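In each ligand, atom 1 is the first atom listed, and ligand 1 is the first ligand listed. Numbering of residues begins at 1 and proceeds along the displayed sequence. Side chains are part of it too, since the values below use all heavy atoms of this structure and drop only hydrogens, waters and symmetry mates.
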Amino acid sequence: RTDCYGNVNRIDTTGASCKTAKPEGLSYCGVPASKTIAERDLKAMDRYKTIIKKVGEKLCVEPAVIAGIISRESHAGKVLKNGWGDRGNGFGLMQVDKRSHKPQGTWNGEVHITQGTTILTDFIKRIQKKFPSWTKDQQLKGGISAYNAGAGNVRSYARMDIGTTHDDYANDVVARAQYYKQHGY
Ligand SMILES: CC(=O)N[C@H]1[C@H](O[C@H]2C[C@@H](C(=O)NCCS(=O)(=O)O)N[C@@H]2CO)O[C@H](CO)[C@@H](OS(=O)(=O)O)[C@@H]1O
């Protein structure tokens, strides 16, 4: 069961801002750019497809949502130095921030994906309490954007991502996720 917290395909997304898409070399932004980046990491991503599915089933989270964070956080490993982020604070495929969380397991194993998803799941739960009038789907998006900047940043539905990295964390990650549902996650 992977549908306890909402379904990614029902979320409304603007995709990647141009601060996210230009760096990567695209000439366009939004959902198209989001999906295109996502598609670039799929070969690499598919290297961990069994671990990403095991844990999503374990945690009642949608594997697409985990692949979306993994594509945005480290590019399914590609941009990491021994699982380290270039400023050295983030660790593993989901880039668990060591300042905030003592990292567990190896940078690309199940112990690491479980921990990243457990953190994701606590912020989703945190947003369900904060905003009970929202829909599950809306609380799932909130969770995802909180995953990057803290739940304190989720104040609203509509300007939740302002203050995240590139002002598009959950919009991006929600659009890459939708691409991975379409392709095996
Ligand atoms: C999973 C987790 O750690 N999420 C936390 C998130 O942290 C970001 C940092 C980034 C990252 O690693 N940046 C790269 C830095 S480096 O590699 O260049 O050095 N990877 C994480 C999600 O994107 O930041 C918060 C504080 O702003 C914490 O809210 S909190 O309120 O609970 O603090 C959330 O706990």
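- Judged as a ring-ring contact (aromatic ring centres under 6.0 Å, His included), and not counting sequence neighbours, the contacts of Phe131 are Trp134.
- Annotation for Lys129: atom NZ counts as buried by contact number, over 12 foreign heavy atoms lying within 6.0 Å.
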Check ligand 1 for N or O atoms under 3.5 Å from a protein N or O and list each pair with its distance.
| residue | atom | partner | partner atom | Å |
| --- | --- | --- | --- | --- |
| ligand 1 | 3 (O) | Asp97 | N | 2.8 |
| ligand 1 | 4 (N) | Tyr147 | O | 2.8 |
| ligand 1 | 17 (O) | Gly90 | N | 3.1 |
| ligand 1 | 18 (O) | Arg87 | N | 2.8 |
| ligand 1 | 18 (O) | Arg87 | NH1 | 2.5 |
| ligand 1 | 19 (O) | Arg87 | O | 3.4 |
| ligand 1 | 19 (O) | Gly88 | N | 3.2 |
| ligand 1 | 19 (O) | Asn89 | N | 2.7 |
| ligand 1 | 19 (O) | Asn89 | ND2 | 2.9 |
| ligand 1 | 20 (N) | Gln95 | O | 2.9 |
| ligand 1 | 23 (O) | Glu73 | OE1 | 3.2 |
| ligand 1 | 23 (O) | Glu73 | OE2 | 2.7 |
| ligand 1 | 23 (O) | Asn148 | ND2 | 3.2 |
| ligand 1 | 24 (O) | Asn148 | O | 3.4 |
| ligand 1 | 35 (O) | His101 | NE2 | 2.8 |

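- When only modelled atom types and interatomic distance are considered, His75 and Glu24 share a side-chain donor-acceptor pair under 3.5 Å.
- For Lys19, the NZ atom sits in a loose shell: 12 or fewer heavy atoms of surrounding residues, nucleotides or ligands are nearer than 6.0 Å.
- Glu39 is linked by a salt bridge (charged side-chain N to carboxylate O under 4.0 Å, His left out) to nothing, counting only residues two or more places apart in sequence or in another chain.
- Evaluation of the side-chain contact (heavy atoms from CB on, under 4.5 Å) rule for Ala149 yields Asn153, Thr164 as partners, not counting sequence neighbours.
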